[PDB]
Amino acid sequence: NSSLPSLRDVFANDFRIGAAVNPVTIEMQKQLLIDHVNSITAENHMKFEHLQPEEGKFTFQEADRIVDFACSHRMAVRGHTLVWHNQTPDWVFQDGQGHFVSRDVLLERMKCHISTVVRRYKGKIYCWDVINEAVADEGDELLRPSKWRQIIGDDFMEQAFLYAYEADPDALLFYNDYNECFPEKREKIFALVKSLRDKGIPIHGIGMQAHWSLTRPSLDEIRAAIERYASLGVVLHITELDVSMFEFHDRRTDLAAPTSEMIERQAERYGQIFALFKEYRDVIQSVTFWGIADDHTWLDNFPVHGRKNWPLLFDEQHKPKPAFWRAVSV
């Protein structure tokens, strides 16, 4: 690695380079992070259930460690995530009697969470995924069901963005989602963000999770989605990038190593993707991977528990893969 290029330096004129982390992987992958990234996201410890597990009980210790690491290495931090249909405790939606709370009460609890969390990290965290994954991933409706939406109404996203803006008006506020380049879902995401901006809501950015495979989305699809979203005037971040060795239909559990063909195609795929990101450097300002090396990835257990995946630029021994060399040479 002594003579290896540094990802953040190669892309210094193009976008930040980030990694998702937790206190354990910061220790396990510390030198790779130090050597390559200039942005960090908490993989899990800034989600609602990890910050306010019980009402009025805030547990910032893990998030604090992650921010302390970033700040001491001059890394930016993306805050992930305030309002989501997952990893939010049941207390949030319920009264003492157990019934669902009212719209007004859920808005007070949303405001209190957002205010307390965003104000704690103001001046250290420069952007927040305020709404995560509200758009439907299947069927014809615009929006996914969620208790947030059930109890407040469809203006729950408007309110979340306004509460976060009040808590830190210097932050960039994002709508973040996956399968963001499939045309039907891209059109829903575009319509939704257009409608919020058309009302003056402080949404500044779209986060493209980019939980991609070797084949999907196509490069034409990615291009079209970047152009579509940029045409709204928002900032784009690629927020959770990984390139799975398995397509969505491939639920094999048996593979103990990637084939040479998978490794080669993944290298080609990452070179193609980075070439496209560099081409859109004027609208893409950050590319975060959902990890940094193949010794830690949520894809080992999702969508199939207990297998192994190899989605990143560095292998389990933290050495560069064929994908690294193509990514850095665009």
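The first residue of the sequence shown is number 1, and the count goes up from there.
> Mean CA B-factor: is it higher for 96-104 or for 131-139?
Per the PDB record, 96-104.
> So, looking at the entry's B-factor column for Cα atoms, which has the higher mean, 84-92 or 175-183?
So the stretch with the higher mean C-alpha B-factor is 84-92.
> Just to confirm, going by the entry's C-alpha B-factors, which of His211, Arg216, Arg144, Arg119 comes out highest?
In this record, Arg144 carries the highest C-alpha B-factor of the candidates.
> At the C-alpha atoms, which of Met262, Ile66, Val287, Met46 reaches the highest B-factor in this entry?
The listed residue with the largest C-alpha B-factor is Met262.
> What third of its chain's C-alpha B-factors does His237 belong to: lowest, middle or highest?
It belongs to the lowest third of the chain when residues are ordered by C-alpha B-factor.
> Lowest, middle or highest third: where is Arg252 by Cα B-factor in its chain?
Highest third.
> If you rank every modelled residue in this chain by C-alpha B factor, which third holds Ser115: lowest, middle or highest?
Within its chain, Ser115 is a lowest-third residue by C-alpha B-factor, going by the deposited values.
> Divide the modelled residues of the chain into thirds by Cα B-factor and specify which third, lowest, middle or highest, holds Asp155.
It falls in the top third of the chain.
> Relative to the other modelled residues in the chain, which third contains the C-alpha temperature factor of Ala267: lowest, middle or highest?
Its C-alpha B-factor belongs to the middle third of this chain's values.
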